[PDB]
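*Asks:* This is the structure I want to talk about, given as structure tokens.
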Amino acid sequence: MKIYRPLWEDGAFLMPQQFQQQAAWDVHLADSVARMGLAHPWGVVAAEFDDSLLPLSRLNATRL
Amino acid sequence: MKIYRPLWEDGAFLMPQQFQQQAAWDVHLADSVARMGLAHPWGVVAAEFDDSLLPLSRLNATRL
Amino acid sequence: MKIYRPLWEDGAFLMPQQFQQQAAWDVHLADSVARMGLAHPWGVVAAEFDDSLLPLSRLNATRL
Amino acid sequence: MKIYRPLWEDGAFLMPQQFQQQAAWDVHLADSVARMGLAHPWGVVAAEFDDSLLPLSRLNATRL
Amino acid sequence: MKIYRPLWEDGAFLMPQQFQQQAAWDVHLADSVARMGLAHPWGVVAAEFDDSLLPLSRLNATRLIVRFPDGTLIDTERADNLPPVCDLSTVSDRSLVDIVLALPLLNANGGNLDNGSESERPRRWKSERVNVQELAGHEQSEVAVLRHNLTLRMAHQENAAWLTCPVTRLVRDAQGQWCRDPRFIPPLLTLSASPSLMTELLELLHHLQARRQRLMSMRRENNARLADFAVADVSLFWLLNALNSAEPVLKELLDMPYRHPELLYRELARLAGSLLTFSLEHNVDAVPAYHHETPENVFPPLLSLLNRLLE
Amino acid sequence: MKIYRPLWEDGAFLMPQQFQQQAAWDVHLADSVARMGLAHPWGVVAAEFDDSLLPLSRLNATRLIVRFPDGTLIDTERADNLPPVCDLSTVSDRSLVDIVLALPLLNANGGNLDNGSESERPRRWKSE
Amino acid sequence: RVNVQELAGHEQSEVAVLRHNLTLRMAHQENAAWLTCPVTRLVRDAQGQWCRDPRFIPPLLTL
Amino acid sequence: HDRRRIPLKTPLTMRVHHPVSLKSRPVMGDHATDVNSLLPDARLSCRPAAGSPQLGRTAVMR
């Protein structure tokens, strides 16, 4: 998606894309530091549901 | 506890509560990466003292 | 070359060596995340080259 | 407990007990408003503690 | 009137007229809070008298807490002094005196009552000098506490440029002596300023529980009767519905001190309007309407209606 | 918006914070007593108008008793003057109009409307 | 001693505000002179840790 | 030198601008800086104040 990286010098000035790409870059490093969490893909650590809403044929989440 | 990642768009004032929360979220990501493998309350890395002053009962730390 | 955590006040002067010494701390954090199970100076993923100019004395990298 | 609300007309030297007994009397009037319909004393609105500090035993509070 | 908020600007000097305008605003906030649960203006928390000095005919108070309809609270235990003794000798040969408590009105031109020297206008806020200081370590110097100006007015109390709230009612006994009558009580912010009510309503509730116990003894003993189609058994089923639905609310409310009586009225009206349609031939107009501004000829005929239906 | 509250002893310089914070705390107490079995996105007690100017393009209000959901009381018989005349010169379709009684939002560094200075945000103000 | 801002546009200054002397005690001690309200309950768990019961309820002004 | 405070600048300008923006020196928050007794009490109309302070009235000790 062409994740750019901004340049801050004495004449550089403020934009929203200054901060959005720098936000995305350290998200992208979190996959590059996984050499087993890339072996198996991304996972699920907690998922808990409610059963009392089922006789009404509804469904609602609690923790995800 | 709660962690509030800011929205970035062309309206917002440059308020200091954005940067502290955005920097706080990256520690949580970098720790959820480290809990993919090990399981630990963290430990020391280096701890070296100076045995010169010790006849005068004063202890100092050169590197921690 | 030390790294300084910048302090986000309010009602002060902004300088780009707050942004730079902010940005250079997260990479140093991800380094010490990575160096907890693995123990080497890391290397290459997926180098690819061009071969057409090779009758002459010329090279051309394509993806690194 | 001998709550003395004072008066101010003229020439009265300022003195802290006027302010203190005024502030107490406002609390007492606002208490007697609430004690008309409900016949309940006060209680707890919110009490949230910290759970990540429990197995290393301490106890820190957040909202009381 | 015209109540004004002050502005605490820097460089605005000081005036005594500021603090009065501030302190006559939070009282108005208290009414604006409290009038989300009130029909009609207020009454008595508690009132206790000393009838021992009656053969030397007089009357004096002991403990008296009454709220007034402008938001003024009276406390003899913490804030105010007791009203002076009443002299009944000019009404020595009549039968009934209805005694109200009085504070004068407030107009927007005067203020306190300066030593009674100009006493054609009855005015409140009598001052006093008590020295109490000790919330940091010393007691010495002397402040001007404010006290109100309370009297008692009994027989031509209807000539009032005053605010009235009735407290007690005297009758001639057969030995010519006045005594306090155990009768109807001018209005209540509690159920504690009327021991006659706390004697009657406990009898009401203890009378209610026994009839329900009698009804349960009729039907639980026979297992066919729990779902029978007898024309009295359907009425008895619906009657246990009407009693079991309305017991624990009243049992909660009557194991309790002070609580405003409109809430109790809304729970007795449901029981009366339920049981009214069960064994009668009389009009729905037997239900009394609620008059709080009166001294309550509502609350005894209601209970006289309910004590007839349960037998 | 924190709400501080002071101590008095043995001679302290009277500062306007020591009165403002005390007024704010007694507003907050009355609202916390007012929650206690209610809802509080609260509303309007009484609103009365003046309706003669409708053959012209104007509108005027005569009585407003409004309680805002933060718990601030506005009582136009007592310590608040009626807002100025509404304006109807810029209305195209005649079912559009829905009128809201505005009131400027307070911030933790501002203050009053000193006239002779301009701003893109107003405040409550010293009048009289 | 903090610096509360005037709410009329000027600078702030240093006043003395009050702060309550609250504390956290345990029920099995002596608690005569204080004025208490219970807030939570701790139990012991299988590995020898402390954890919170989800079963206690305090006295509540709110649900 | 005196540690002055406010003058409130009339646009806030720290909207993070997309179409046109500038940095070099002027950056801030919302309030700048600019480096460059024996007295009586609450009586009537006009002489309460010692200007801004009010003391000299409750030293009853020492």
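Starting from 1 in every chain, residues are counted up; chains themselves are A, B, ... following the order of the structure tokens, and ligands are numbered from 1 as listed.
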Can you tell me, as a ChimeraX atom specification, what residues are no more than 12 Å from residue 85 (chain F) when counting only C-alpha atoms, ignoring any on the same chain fewer than 2 positions away?

*Replies:* /F:49-51,53,57-62,82-83,87-88

*Asks:* Assign secondary structure with DSSP using the backbone only, and return the residues of chain C in helix (DSSP H, G or I) as a PyMOL selection string.

*Replies:* chain C and resi 16-34

*Asks:* Residues of chain B were defined as contacting chain D if any atom lay at most 12 Å from it, counting only C-alpha atoms; please report them as an NGL selection string.

*Replies:* :B and (1-2 or 41)

*Asks:* RMSD over all C-alpha atoms, chain A superposed on chain C in order?

*Replies:*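 That comparison of chain C with chain A gives 1.7 Å.
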
*Asks:* Against chain H, which residues of chain B fall within 10 Å? For each one I want the closest pair of atoms and the distance in Å (one decimal), counting only C-alpha atoms, rows by chain and increasing residue number, as a tab-separated table.

*Replies:*
```
residue	atom	partner	partner_atom	distance
B:8	CA	H:16	CA	9.2
B:9	CA	H:16	CA	8.0
B:10	CA	H:16	CA	6.0
B:11	CA	H:15	CA	5.8
B:12	CA	H:15	CA	5.3
B:13	CA	H:15	CA	4.5
B:14	CA	H:14	CA	5.3
B:15	CA	H:29	CA	7.4
B:16	CA	H:29	CA	8.6
```

*Asks:* Skip region 16-30 of chain G itself and residues of its chain fewer than 4 positions away, then list as a VMD selection string all residues within 9 Å of it, counting only C-alpha atoms.

*Replies:* (chain F and resid 4 to 8 18) or (chain G and resid 1 to 3 38)

*Asks:* For the selection just defined, write its residues with N, CA and C atoms to a file, as a PDB file, in the first residue's frame.

*Replies:*
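Everything below was put into again_1.pdb:
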```
ATOM      1  N   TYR F   4     -11.684  22.126  42.982  1.00  0.00           N
ATOM      2  CA  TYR F   4     -10.888  22.241  44.189  1.00  0.00           C
ATOM      3  C   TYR F   4     -11.734  22.891  45.274  1.00  0.00           C
ATOM      4  N   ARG F   5     -11.245  22.847  46.519  1.00  0.00           N
ATOM      5  CA  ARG F   5     -11.949  23.533  47.619  1.00  0.00           C
ATOM      6  C   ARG F   5     -11.014  23.838  48.786  1.00  0.00           C
ATOM      7  N   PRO F   6     -11.051  25.050  49.327  1.00  0.00           N
ATOM      8  CA  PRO F   6      -9.931  25.553  50.123  1.00  0.00           C
ATOM      9  C   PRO F   6     -10.095  25.376  51.627  1.00  0.00           C
ATOM     10  N   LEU F   7      -9.005  25.658  52.343  1.00  0.00           N
ATOM     11  CA  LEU F   7      -8.994  25.754  53.798  1.00  0.00           C
ATOM     12  C   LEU F   7      -8.757  27.187  54.246  1.00  0.00           C
ATOM     13  N   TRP F   8      -9.469  27.588  55.296  1.00  0.00           N
ATOM     14  CA  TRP F   8      -9.320  28.908  55.889  1.00  0.00           C
ATOM     15  C   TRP F   8      -8.782  28.751  57.298  1.00  0.00           C
ATOM     16  N   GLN F  18     -11.183  31.028  45.746  1.00  0.00           N
ATOM     17  CA  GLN F  18     -11.757  30.513  46.983  1.00  0.00           C
ATOM     18  C   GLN F  18     -13.265  30.698  47.074  1.00  0.00           C
TER      19      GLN F  18
ATOM     20  N   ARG G   1      -0.864  22.789  47.918  1.00  0.00           N
ATOM     21  CA  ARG G   1      -0.663  24.083  47.280  1.00  0.00           C
ATOM     22  C   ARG G   1      -0.597  23.898  45.774  1.00  0.00           C
ATOM     23  N   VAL G   2      -1.634  24.334  45.069  1.00  0.00           N
ATOM     24  CA  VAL G   2      -1.709  24.215  43.624  1.00  0.00           C
ATOM     25  C   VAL G   2      -1.977  25.590  43.025  1.00  0.00           C
ATOM     26  N   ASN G   3      -2.126  25.625  41.705  1.00  0.00           N
ATOM     27  CA  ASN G   3      -2.303  26.866  40.956  1.00  0.00           C
ATOM     28  C   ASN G   3      -3.608  26.795  40.181  1.00  0.00           C
ATOM     29  N   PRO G  38     -17.414  -0.719  53.173  1.00  0.00           N
ATOM     30  CA  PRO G  38     -16.630  -1.803  52.568  1.00  0.00           C
ATOM     31  C   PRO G  38     -16.635  -1.722  51.051  1.00  0.00           C
TER      32      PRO G  38
END
```

*Asks:* Write out as a PyMOL selection string each polymer residue whose atoms come within 12 Å of residue 44 (chain G), counting only C-alpha atoms; drop sequence neighbours fewer than 3 positions from it.

*Replies:* (chain D and resi 54-55+57) or (chain G and resi 41+47-53)

*Asks:* Using the selection just defined, write its residues with C-alpha atoms as a PDB file, in the first residue's frame.

*Replies:*
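Output below, filename out.pdb:
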```pdb
ATOM      1  CA  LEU D  54      -2.571  -8.712  42.407  1.00  0.00           C
ATOM      2  CA  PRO D  55      -0.212 -11.734  42.083  1.00  0.00           C
ATOM      3  CA  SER D  57       0.900  -8.598  45.926  1.00  0.00           C
TER       4      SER D  57
ATOM      5  CA  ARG G  41     -13.095  -8.849  49.076  1.00  0.00           C
ATOM      6  CA  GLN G  47      -1.270 -21.510  42.968  1.00  0.00           C
ATOM      7  CA  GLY G  48      -1.115 -19.399  46.130  1.00  0.00           C
ATOM      8  CA  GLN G  49      -2.138 -16.035  44.691  1.00  0.00           C
ATOM      9  CA  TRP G  50      -4.774 -13.489  45.618  1.00  0.00           C
ATOM     10  CA  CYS G  51      -7.878 -12.877  43.540  1.00  0.00           C
ATOM     11  CA  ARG G  52     -11.205 -11.092  43.771  1.00  0.00           C
ATOM     12  CA  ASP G  53     -14.553 -12.689  44.346  1.00  0.00           C
TER      13      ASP G  53
END
```

*Asks:* Could you give me the residues within chain G that DSSP places in strand (DSSP E), as an MDAnalysis selection string?

*Replies:* chainID G and resid 2:4 13:15 42:44 50:52

*Asks:* Between chain H and chain E, at 10 Å or less, what are the per-residue closest atom pairs and their distances in Å? Count only C-alpha atoms, order by chain and rising residue number, and return it as JSON lines.

*Replies:*
```
{"residue": "H:41", "atom": "CA", "partner": "E:14", "partner_atom": "CA", "distance": 8.4}
{"residue": "H:42", "atom": "CA", "partner": "E:14", "partner_atom": "CA", "distance": 6.1}
{"residue": "H:43", "atom": "CA", "partner": "E:15", "partner_atom": "CA", "distance": 6.7}
{"residue": "H:44", "atom": "CA", "partner": "E:15", "partner_atom": "CA", "distance": 5.9}
{"residue": "H:45", "atom": "CA", "partner": "E:15", "partner_atom": "CA", "distance": 6.9}
{"residue": "H:46", "atom": "CA", "partner": "E:13", "partner_atom": "CA", "distance": 7.7}
{"residue": "H:47", "atom": "CA", "partner": "E:13", "partner_atom": "CA", "distance": 7.9}
{"residue": "H:48", "atom": "CA", "partner": "E:14", "partner_atom": "CA", "distance": 5.9}
{"residue": "H:49", "atom": "CA", "partner": "E:13", "partner_atom": "CA", "distance": 5.2}
{"residue": "H:50", "atom": "CA", "partner": "E:13", "partner_atom": "CA", "distance": 8.6}
{"residue": "H:51", "atom": "CA", "partner": "E:11", "partner_atom": "CA", "distance": 6.6}
{"residue": "H:52", "atom": "CA", "partner": "E:11", "partner_atom": "CA", "distance": 6.0}
{"residue": "H:53", "atom": "CA", "partner": "E:11", "partner_atom": "CA", "distance": 9.6}
{"residue": "H:58", "atom": "CA", "partner": "E:141", "partner_atom": "CA", "distance": 9.5}
{"residue": "H:60", "atom": "CA", "partner": "E:141", "partner_atom": "CA", "distance": 8.4}
{"residue": "H:61", "atom": "CA", "partner": "E:138", "partner_atom": "CA", "distance": 9.5}
```

*Asks:* Neighbouring residues of residue 29 (chain D) were defined as those with any atom within 12 Å, considering only C-alpha atoms; residues of the same chain fewer than 2 positions away were excluded. Please report them as JSON, numbers by chain.

*Replies:* {"D": [3, 5, 22, 23, 24, 25, 26, 27, 31, 32, 33, 34, 35, 36], "E": [23, 26, 27, 28, 29, 30, 31, 33, 34, 67, 71, 72, 73, 74, 75, 79], "F": [26, 29, 30, 33]}

*Asks:* Just the residues within 12 Å of residue 65 (chain F), please, counting only C-alpha atoms, with nothing from its chain fewer than 5 positions along; format it as a ChimeraX atom specification.

*Replies:* /E:32 /F:42-48,72-82,101

*Asks:* Mind listing as number ranges by chain which residues of chain D are within 10 Å of chain G, counting only C-alpha atoms?

*Replies:* D: 40-49, 51, 53-59, 61, 64

*Asks:* Compile the residues of chain H that lie within 10 Å of chain G, evaluated using only C-alpha atoms, and express the compilation as a VMD selection string.

*Replies:* chain H and resid 4 to 8

*Asks:* Give me, as a list in words, the residues of chain G touching chain E, with the criterion being at most 10 Å (counting only C-alpha atoms).

*Replies:*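 Filtering chain G at 10 Å from chain E with only C-alpha atoms gives residues 6, 7, 8 and 10 of chain G.
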
*Asks:* What does the structure give for the distance between CA of residue 283 (chain E) and CA of residue 301 (chain E), in Å to one decimal?

*Replies:* 15.1 Å

*Asks:* If we count only C-alpha atoms, what is near region 304-310 of chain E at a cut-off of 10 Å, once residues fewer than 6 positions away on the same chain are taken out, given as a PyMOL selection string?

*Replies:* chain E and resi 204+207-208+211-212+268-269+271-272+275-276+278-280+286-288

*Asks:* Let's have the selection written as a tab-separated table (two decimals), in the first residue's frame, with C-alpha atoms.

*Replies:*
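Saved as selection-v4.tsv:
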```tsv
chain	number	residue	atom	x	y	z
E	204	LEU	CA	-53.64	-2.19	60.02
E	207	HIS	CA	-54.72	-7.05	60.75
E	208	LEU	CA	-53.89	-7.56	57.07
E	211	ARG	CA	-56.70	-12.43	57.01
E	212	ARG	CA	-54.18	-13.58	54.39
E	268	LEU	CA	-52.81	2.46	49.83
E	269	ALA	CA	-54.89	3.75	46.92
E	271	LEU	CA	-55.13	-1.72	47.58
E	272	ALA	CA	-58.37	0.20	48.12
E	275	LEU	CA	-60.56	-4.48	46.81
E	276	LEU	CA	-63.36	-1.99	46.07
E	278	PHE	CA	-65.05	-7.37	45.10
E	279	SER	CA	-67.99	-7.45	47.53
E	280	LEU	CA	-69.74	-4.08	47.33
E	286	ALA	CA	-65.66	6.42	48.40
E	287	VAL	CA	-61.98	6.98	47.53
E	288	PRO	CA	-60.91	10.28	49.13
```

*Asks:* Which residues of chain H sit at most 7 Å from chain F, using only C-alpha atoms? Give each one's shortest atom pair and distance in Å (one decimal place), in chain and ascending residue order, as a tab-separated table.

*Replies:*
```
residue	atom	partner	partner_atom	distance
H:10	CA	F:119	CA	6.5
H:53	CA	F:13	CA	5.6
H:54	CA	F:13	CA	5.2
H:55	CA	F:13	CA	5.9
H:57	CA	F:11	CA	6.7
H:58	CA	F:11	CA	5.2
H:59	CA	F:10	CA	6.1
```

*Asks:* Convert the current residue selection to file output with N, CA, C and O atoms, as a JSON list (two decimals), in the first residue's frame.

*Replies:*
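And here's out37.json as it stands now:
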```json
[["chain", "number", "residue", "atom", "x", "y", "z"],
["H", 10, "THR", "N", -6.00, 34.99, 18.26],
["H", 10, "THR", "CA", -7.40, 34.89, 17.89],
["H", 10, "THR", "C", -7.73, 33.71, 16.96],
["H", 10, "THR", "O", -8.84, 33.16, 17.09],
["H", 53, "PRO", "N", -4.93, 42.27, 47.78],
["H", 53, "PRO", "CA", -4.87, 41.49, 49.02],
["H", 53, "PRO", "C", -5.81, 41.97, 50.13],
["H", 53, "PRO", "O", -6.29, 43.11, 50.12],
["H", 54, "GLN", "N", -6.06, 41.07, 51.09],
["H", 54, "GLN", "CA", -6.90, 41.30, 52.27],
["H", 54, "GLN", "C", -6.37, 40.52, 53.46],
["H", 54, "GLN", "O", -6.78, 39.38, 53.68],
["H", 55, "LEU", "N", -5.52, 41.15, 54.28],
["H", 55, "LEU", "CA", -4.93, 40.56, 55.49],
["H", 55, "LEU", "C", -4.97, 41.58, 56.61],
["H", 55, "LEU", "O", -5.66, 42.60, 56.53],
["H", 57, "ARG", "N", -6.07, 40.98, 59.78],
["H", 57, "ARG", "CA", -7.36, 40.95, 60.43],
["H", 57, "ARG", "C", -7.62, 39.77, 61.36],
["H", 57, "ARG", "O", -8.60, 39.82, 62.11],
["H", 58, "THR", "N", -6.79, 38.73, 61.37],
["H", 58, "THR", "CA", -7.06, 37.59, 62.25],
["H", 58, "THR", "C", -5.80, 37.06, 62.93],
["H", 58, "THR", "O", -5.81, 35.94, 63.45],
["H", 59, "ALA", "N", -4.71, 37.81, 62.93],
["H", 59, "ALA", "CA", -3.59, 37.43, 63.79],
["H", 59, "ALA", "C", -4.01, 37.75, 65.22],
["H", 59, "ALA", "O", -3.84, 38.88, 65.69]]
```

*Asks:* In Å, how far is it from CA of residue 214 (chain E) to CA of residue 237 (chain E)?

*Replies:* 13.2 Å
